[PDB]
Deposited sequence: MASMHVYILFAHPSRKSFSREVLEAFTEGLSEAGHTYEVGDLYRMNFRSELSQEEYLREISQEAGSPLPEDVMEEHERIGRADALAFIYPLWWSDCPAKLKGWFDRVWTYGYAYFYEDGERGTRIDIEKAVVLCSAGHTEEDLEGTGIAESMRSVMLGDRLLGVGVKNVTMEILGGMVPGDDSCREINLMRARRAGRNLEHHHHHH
C-alpha cells in the first residue's frame, strides 16, 4: 500500500551529493508508488535555535501549552506521514546544526514525549546520511555506533517511531566519486523498499 513520507532535508546547497541522495530516494519512492513531501530546512529558513520562551515551555512540562506556528506546521506535516526520512551530510559526527535544531524545537513535550508516552504515529523512519569517512572507519571510531544510539535510538525509536533503518553513505570525500553510484543505488533501494520492515 502507498505510503506518504515526510523527508527532512538539511543542506545549504542547491546542488550537492545530499541533493542527489534526495533525488535517488524519491525516485525509488515513485517506482514503488509512494509519495513524499520535503522539509528543506535551509530553503524554508527554518529557525533552529530553541528560544528562551520555548525552553521555559518545555521545562514546564505542560502538554497543552502553545507551540510556535512553525512547529505546529511541522507537526501537521508529520501527521500526514506514514514514514519519516532524514537526509543530510555527517558534520562533526552528527547532523548539521539546522537539523539538530529541528529535533530541539519539534520534539516537544506532550508530542514527542510526555509523562513516558508519545503522540507520534510513524511506522518507519529512514536515515540516509552521507559521510566522507567510510563505514568501516566510522565503526572503528565508535561513530557508527553513536549514530545508531543517538539518531536511530534516542531521536527516533525513543519517541515512538515503530521501525528504523539507516544507510551510512560513506566515502564521499571531495573530488572522489568512487562511492557515488553505489551509494545512490542504496538510496534508491531505500525508497523502493519503504513498505518492508522487521516483525
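- Comparing the deposited sequence with the modelled residues, the stretches lacking C-alpha coordinates are 1, 117-120, 205-206.
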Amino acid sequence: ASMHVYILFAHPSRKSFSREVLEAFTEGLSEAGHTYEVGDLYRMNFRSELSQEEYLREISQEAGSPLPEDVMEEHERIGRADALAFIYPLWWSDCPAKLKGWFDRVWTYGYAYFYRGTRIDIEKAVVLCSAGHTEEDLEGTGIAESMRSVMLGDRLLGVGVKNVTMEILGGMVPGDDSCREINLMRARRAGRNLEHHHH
From here on, numbers count along this sequence of modelled residues.
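- Look at the mean CA B-factor for 30-38 and for 156-164 in the entry; the higher one is 156-164.
- Of the two segments, 116-124 and 77-85, the one listed with the higher mean B-factor is 116-124 (C-alpha atoms only).
- In the PDB entry, a CA B factor belonging to the highest third of its chain's modelled residues is recorded for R180.
- Annotation for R186: CA B-factor lies in the middle third of the chain's modelled residues.
- Among all modelled residues in this chain, the alpha-carbon of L194 has a temperature factor (C-alpha) in the middle third.
- Ranked against the other modelled residues of its chain, the C-alpha B-factor of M3 as given in the entry falls in the middle third.
- Per the deposited record, the Cα B-factor of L50 falls in the middle third when ranked against the other modelled residues of its chain.
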